[PDB]
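> what shape does this take:
(10 chains, ligands or ions: 2)
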Amino acid sequence: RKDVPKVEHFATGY
Amino acid sequence: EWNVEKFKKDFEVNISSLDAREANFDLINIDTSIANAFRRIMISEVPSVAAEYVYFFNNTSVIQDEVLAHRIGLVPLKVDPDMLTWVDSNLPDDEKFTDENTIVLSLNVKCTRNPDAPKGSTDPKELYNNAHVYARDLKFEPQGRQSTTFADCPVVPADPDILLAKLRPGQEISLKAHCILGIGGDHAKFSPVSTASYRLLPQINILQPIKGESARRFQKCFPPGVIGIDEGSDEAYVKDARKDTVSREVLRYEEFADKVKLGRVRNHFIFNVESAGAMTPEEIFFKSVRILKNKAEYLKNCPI
Amino acid sequence: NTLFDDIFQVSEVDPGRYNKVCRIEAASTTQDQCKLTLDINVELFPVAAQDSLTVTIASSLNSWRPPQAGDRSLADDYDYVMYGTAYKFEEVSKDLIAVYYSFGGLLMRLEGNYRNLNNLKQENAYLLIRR
Amino acid sequence: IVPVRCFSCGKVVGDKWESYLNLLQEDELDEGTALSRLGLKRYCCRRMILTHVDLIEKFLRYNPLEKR
Amino acid sequence: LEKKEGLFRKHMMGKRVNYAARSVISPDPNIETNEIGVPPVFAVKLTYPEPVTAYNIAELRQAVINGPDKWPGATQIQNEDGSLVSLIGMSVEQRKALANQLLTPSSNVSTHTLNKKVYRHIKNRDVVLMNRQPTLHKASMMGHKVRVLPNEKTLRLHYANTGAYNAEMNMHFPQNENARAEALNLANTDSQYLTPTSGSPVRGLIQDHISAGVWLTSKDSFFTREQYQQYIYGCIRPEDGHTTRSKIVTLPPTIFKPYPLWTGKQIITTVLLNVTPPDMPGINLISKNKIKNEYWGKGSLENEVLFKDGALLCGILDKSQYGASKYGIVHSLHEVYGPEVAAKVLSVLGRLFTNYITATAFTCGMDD
Amino acid sequence: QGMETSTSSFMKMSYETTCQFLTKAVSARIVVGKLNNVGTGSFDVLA
Amino acid sequence: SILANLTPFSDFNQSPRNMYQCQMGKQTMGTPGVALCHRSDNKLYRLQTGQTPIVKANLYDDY
Amino acid sequence: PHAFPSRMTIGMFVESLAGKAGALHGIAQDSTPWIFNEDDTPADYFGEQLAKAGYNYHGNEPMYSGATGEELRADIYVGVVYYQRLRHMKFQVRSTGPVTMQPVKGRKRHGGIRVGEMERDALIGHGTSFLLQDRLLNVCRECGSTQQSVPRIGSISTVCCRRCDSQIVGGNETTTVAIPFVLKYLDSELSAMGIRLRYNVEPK
Amino acid sequence: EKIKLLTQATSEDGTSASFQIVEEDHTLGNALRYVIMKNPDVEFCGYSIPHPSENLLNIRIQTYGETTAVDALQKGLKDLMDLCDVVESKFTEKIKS
Amino acid sequence: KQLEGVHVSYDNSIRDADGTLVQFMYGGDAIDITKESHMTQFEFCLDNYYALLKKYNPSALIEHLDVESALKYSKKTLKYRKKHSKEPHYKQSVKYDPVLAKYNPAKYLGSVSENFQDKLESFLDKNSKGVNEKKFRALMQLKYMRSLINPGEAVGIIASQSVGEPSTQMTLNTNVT
Ligand SMILES: [Zn+2]
Ligand SMILES: [Zn+2]
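Residues are numbered from 1 along each chain as shown, chains lettered A, B, ... in the order given. Ligands and ions are numbered 1, 2, ... in the order given. For reference, the structure is listed below:
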């Protein structure tokens, strides 16, 4: 079984 | 003995990213009660203008009349609130509206295919003129003194690029709106602010001396602009608290669980006020504080 | 007026699934039999193991009001003051009587002998702790 | 039928549907970068542009006032 | 006169009724347990025939002016026998100068006793019946006071009644003072705190308030003077007749230095002190909750609650202590002060845990 | 089988087999509208 | 079933809850279709808006 | 949150987690049964994405109350899930109107609600006699089992019960009594049935 | 009008009283409670809401005596007025920078 | 439908509209099943003694009843029962009836069930003490008198519901039926 393949946010004012 | 003078001495502001659309000022040495009162007043109580009482003369579009009316109502205008007056709402309709208490909009769009269309084309603009209906199609036919008053203030949508409805050949829409002052709490359509929340300034209390490459991986957990590395002693330290979102990613790692407590200061509110094009965030904030002052004064003056 | 006083060598402190309050394994230094168990919030008064602290039980401090100007009490001379009542008296054995106190949930168990704990009784009793 | 106003937050996103389509099609990108360049940061806004079935194209060609 | 659809079991052992209504139920902790949520649509609809006396002339002299227009109002009058002069097709001016003289001078002596009667809209003071089919036991039908909410249209009941009704349901509104007294005194929910099946209680707070109590009464809770006073006032509201002391009383802070602090157990204690009638000793009680001591680490005796003279001193509240369980603190408070005080205590706990849970919410996540 | 010996036949009629019991006759307070005899009806008031 | 496959993460729920979901989906305020301009019928229950599931199961598009 | 321990729907939590991850990264999350082995836990899989996105690994987003404005005790579990609206949208009320003289049946017909046999039993169980009478409500003196009210010229209405001028031959013993109006229908049905009983009419 | 006093729960001397406010909510209530509790004279201060659907706020003030709770009210509002007035001047200056 | 008429008479017996008796007592105790949870909760009753004494106001409950006769009869009955509680069921006689049969349990104090007396004596035989037993017994008997079914209850209806309604969720699935 092969695992599910993987896939290769700022504070306010930033 | 807390006092007004003590509060004035301790209180300070730090405007960070003031802009014609967004504000990011800070409040320091103030209580969460007043901070939340300001937040709520900005979100709800601050008056604004939006369309309602829409009159339809004709419509045949796929979009229903109720949906279209609601969609038009959910539009941001540009006129400042301090140019219009409230409506008594207990008057005959003719007396219910005047020059200085409402504004009038008209759409009256008609769609028909233009014969000159390139072969094998699916673009609605080329296939038919007036294929899409945009906000800018809304006019602001004034009445009476409005012509003089709005000479330098043409009533235009704060976002003329929004898509009210799509049409087809032989498809026509004609309506007539009536925008009035809003109070926000009545309906979210009267919301001068997209969002006026705030966040308390995060506080990071480093206990152990974090040094070596272990400090570097500690630097990695937080956002890049938060933690600093002391070149003098290879020591991790806080560089900018505001730069950190409350992630608690360090708590996952067992090594740093005891080395730091992720506190949060209680008198440092990082306000973040977006807005519609009606008014600037600074103007709406001043309106909110003046509204609170008026509330207090009215409550004092009204007898028991 | 005071009713009991001694210094306890805190043997062990344990939170026990608690963010603020922590168990105190206090033990008197003078008496070979007086033992104390108590839970207090370390946030307002941090406590470490192998420490010696002053403990005094008072009947009053000379209706509640916040402190004002020109106010004096044994609390001022002490550091951390709790208020509560006792609820249970037990005859552990000959010359061994344990007294149970509760401070808003924070329970205190005090053990000793009649001649020293005789002043204790079922009533409101301020507990005053100083470093 | 693009939601004019953001349901949760309230940021206007009605204007941005056509821009999103153009940025996705004309220029080769992905949805995340397209929304970023479009200017949406919070997912409360990102919803109504990442997932919106444009049931006006299919729903519209059944015009009754035009010969088939 | 047939097997199962016969005239007996269809028009003699059960009938359609007037002055009744049916809807769905929206829970609302912000109402008293002996009260129900009446939408304003019902208020202008359901009316009560009430005669005009010499003491409540004005109270109805304005109800007639209101009429079906605004609650509370008067649908129609019952001048003498019959002669139901309606008010729906009436002007405000028509009602004026006409229904002002409800207590008319002596007109005729043929019926010189029955002065006059005016139908009036249902007001808060009244009582109605609530039934949720199937009515498996008598507890499934009770009475509740009226709480006219100028809000959306649905029935509102407190969460305590969920245990009894096993919860859409129906409403019955009688028109005779005898039935009013029967409902308010014999069919009222407070009088039915227990069930004749085994004598155990059935009424109490259920899930959210149970979690709120577990978190609040734990030793890890501390409240400043502001928070303590605010919680107490929001929970009590003596102006609504909750307490007859005419002035709220508080407790000394459990901690003085460095700064004043209280405790959630002390909050429960002052709640009981406020609700318990004066000139009466406090509650002494010993019991055990559902949580083992070892769940709080060594040296904890929290499994056992120990009240003393109306003051919580050990342990924490729980489903066993309050809610629907035998020998609980609320059960003993019922036993001591009657059912009315127990009902008021349950209402106060529901209000408190609601306000407290808003301040610090409770939530379950994938990390759990 | 048990309802037979009951004196008042109105309850028997309201129960199953409303026919046979009616013949032998040639809750009741409910049928005639008489005030019931339990609770507040288990006595009388005057004066 | 098709509707059962449309349920996200059916392997993490309780079977009665899966059945409840299957029964509930057929009770939705659905999208009957697009020909609703001329589909004269007793009841339609048309939902004005709608979005794809961000957590849509595979075969949601395949169907 | 109290719904889950009884319902036991971990799918709702996983959907919330994956929905937040998808709404942030822009990608679409697949939810197909039997693709996550225990060594490939979906919680871990979506937590990795949320961490790389910069959000809380477990989805617990810190929040502030809307009334007090203070921070809540614990980080709230917040995410995006798919929500469907159902068609089960009912209320009925009557005072007078349509009507065996009992009220008609039907919500849309302005009808009433039937007080069933179990409802009557509940009325009795509490002993509320007047309540039962109001929920189930609100004669020939000589024969005791009608016929009356036929004024002739200018006289008041009298009784001329054939079963019984002044009494012509009929009888003059009949006065008003309070009874349900299903009783008259029952009386007529029994009269057709040919069955009569000594209905003991009580005295004045 | 907007503000009323509850004679049902008032005290004979006026040192303790409860007030009912119309068209208000947590927004005004929490701030006013904070401001009043800033005054050391009052013993008990707090706000309550009858029911969320109704836009009513109930405030109760119990002083330590020697001050009418009505006076403690108007004392708080005046402090509140200044409290929301200092920010304007303080905020305006930062705009100038 | 069978028990729609059976109700508690003014006398302690249970009679229908016709008046036929079904049983002289209510289970042999005449105690209302609602107000009986803490009849045997002697420790809790002892605690809050003053509160219980205030709720069962004994000052007003002396001008309309007597105690000594029923109390003496109960004492003699208990003495004889303890004398002859060893011989079997069929060899015992009836020298004295149980108190409830002899006296109105709701009018004469001390008129309580047999098991109530036995349990009360067993509890009081524990020392550890306001705390006067002579007044603790008085308060317990006053509560027992106050815990009696009112004349006019819908017992029978109540019994039917208590048998039927719990049976709905009684059993679903897994020799004797
Ligand atoms: Zn948004
Ligand atoms: Zn006759």
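> and the one residue in chain G that gets nearest to chain C, how far from residue G:1?
Residue nearest to chain C within chain G: residue G:12 (29.1 Å; C-beta to the nearest C-beta). All C-beta spots, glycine's among them, are computed from the backbone N, C-alpha and C. For residue G:12, the distance to residue G:1 under the criterion C-beta to C-beta, to the nearest Å works out to 18 Å.
> on that earlier part again, measure the residue of chain G closest to chain C to residue G:6 for me?
From residue G:12 to residue G:6 the distance is 15 Å (C-beta to C-beta).
> hang on, the earlier thing: in terms of neighbours, single out the busier of residue G:12 and residue G:1.
Neighbour totals were compared for residue G:12 and residue G:1, and residue G:12 leads with 18 against 7 (other C-beta atoms under 10 Å in any protein chain shown).
> surely the more buried one and residue H:18 touch.
No - because the distance of 11.5 Å does not satisfy C-beta atoms under 8 Å, residue G:12 is recorded as not touching residue H:18.
> find the residues that touch each one of these two.
Residues within reach of residue G:12 and of residue H:18 at once, by C-beta atoms under 8 Å, 6 or more residues apart in numbering or on different chains, are residue H:42.
> wait, residue E:218 sits on residue E:264?
Yes - shown here, residue E:218 and residue E:264 form a contact pair, counting by C-beta under 8 Å, at 7.1 Å.
> out of the two, which sits in the more crowded spot?
residue E:264 (26 against 21).
> and the more buried one, what is it in contact with?
Applying C-beta under 8 Å, 6+ apart, one finds that residue E:264 lies in contact with C:105, E:216-218, E:221, E:223.
> tell me where chain F has helices.
Per DSSP state H, chain F has helices spanning F:9-14, F:18-24, F:28-32. These are given in chain order.
> just the strands in chain I please.
Read by DSSP state E, chain I holds these strands, from start to end of the chain: I:3-5, I:16-22, I:42-48, I:56-63.
> which positions in chain A make contact with chain D?
Counting by C-beta under 8 Å from any C-beta of the partner chain, the residues of chain A close to chain D are A:9-10.
> let's go with 10 Å and repeat that
If contact is defined as C-beta under 10 Å from any C-beta of the partner chain, the residues of chain A in contact with chain D are A:7, A:9-10, A:12.
> whichever of these end up buried, select them in PyMOL.
In PyMOL, a selection of the buried entries from those looks like this (16 or more other C-beta atoms under 10 Å in any protein chain shown):
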select buried, chain A and resi 12
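> so of the residues of chain A next to chain D, which ones are in strands?
Taking DSSP E, every one of the residues of chain A next to chain D sits outside strands.
> quick one: which of the strands of chain I is nearest chain B?
Chain B lies closest to strand I:3-5 among the strands of chain I, at 4.8 Å (C-beta to the nearest C-beta).
> list the strands paired with that closest one, with their directions.
Under the criterion DSSP bridges, strand I:3-5 sits next to strand I:16-22 (antiparallel) in its sheet.
> which parts of the partner strand are buried?
By neighbour count, and taking 16+ other C-beta under 10 Å as the criterion, the buried residues in strand I:16-22 are I:16-21.
> CA-only coordinates of that strand in PDB, if you can.
Listed in PDB are the C-alpha atoms of strand I:16-22, where the atom choice follows Å, rounded to 0.1, in the frame of the first residue of the first chain:
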ATOM      1  CA  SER I  16     -29.100  50.500  46.800                       C
ATOM      2  CA  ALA I  17     -31.200  50.500  43.700                       C
ATOM      3  CA  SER I  18     -31.600  48.900  40.300                       C
ATOM      4  CA  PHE I  19     -32.000  50.600  36.900                       C
ATOM      5  CA  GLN I  20     -33.500  49.400  33.600                       C
ATOM      6  CA  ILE I  21     -32.200  50.700  30.300                       C
ATOM      7  CA  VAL I  22     -33.800  50.400  26.900                       C
END
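> now do that strand and strand I:42-48, the angle between them.
With axes from the mean of the first three to the mean of the last three C-alpha atoms, to 10 degrees as the basis, strand I:16-22 and strand I:42-48 are set at 30 degrees to each other.
> now the helices of chain F as CSV including mean neighbour count and distance to residue B:298?
What follows is those, written out as CSV (neighbours: other C-beta atoms under 10 Å in any protein chain shown; distance: least, C-beta to C-beta, whole Å):
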stretch, mean neighbour count, distance to residue B:298
helix F:9-14, 21, 67
helix F:18-24, 14, 73
helix F:28-32, 19, 62
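> export the ones you listed as TSV, with columns for distance to residue E:334.
Formatted as TSV, the helices of chain F follow (distance: least, C-beta to C-beta, whole Å):
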stretch	distance to residue E:334
helix F:9-14	37
helix F:18-24	45
helix F:28-32	34
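> do the top helix by length along chain I and chain B meet?
Using DSSP H, we find that the single longest helix of chain I is helix I:69-96. Yes - contact between helix I:69-96 and chain B is present through I:70, I:73-95 (criterion: C-beta under 10 Å from any C-beta).
> which among those residues end up buried?
Under a neighbour-count criterion of 16+ other C-beta under 10 Å, the subset of the residues of helix I:69-96 next to chain B counted as buried comprises I:70, I:73, I:75-77, I:79-87, I:91.
> all the helices of chain C, residue numbers only.
In chain C, the helices defined using DSSP H lie at C:74-77, C:114-117.
> can you list the ones you listed in JSON lines and add distance to residue B:112?
What follows is these, written out as JSON lines (distance: least, C-beta to C-beta, whole Å):
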{"stretch": "helix C:74-77", "distance to residue B:112": "88"}
{"stretch": "helix C:114-117", "distance to residue B:112": "102"}
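> figure out which of those helices is closest to chain G.
Between chain G and the helices of chain C, the shortest separation by C-beta to the nearest C-beta is 56.7 Å, and it involves helix C:74-77.
> measure the residue nearest to the spatial centre of chain F to chain J for me?
Taking C-alpha atoms, centre = their mean, the centroid of chain F lies closest to residue F:28, which sits 3.2 Å from it. Here the criterion is C-beta to the nearest C-beta, to the nearest Å. By it, residue F:28 lies 8 Å from chain J.
> again with residue H:109
Distance, residue H:109 to chain J, using C-beta to the nearest C-beta: 31 Å.
> dump the residue contacts of that residue.
Residue H:109 makes contact with H:94, H:97-98, H:103, according to C-beta atoms under 10 Å, 6 or more residues apart in numbering or on different chains.
> now these: which count as buried?
Buried, going by 16+ other C-beta under 10 Å: H:94, H:103, out of these.
> I'd like the contacts of residue H:109 laid out as a markdown table, including secondary structure and distance to chain J.
Below are the contacts of residue H:109 laid out as a markdown table (DSSP: H, G, I helix; E, B strand; the rest coil; distance: C-beta to the nearest C-beta, whole Å):
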| residue | secondary structure | distance to chain J |
| --- | --- | --- |
| H:94 | strand | 29 |
| H:97 | coil | 32 |
| H:98 | coil | 31 |
| H:103 | coil | 25 |
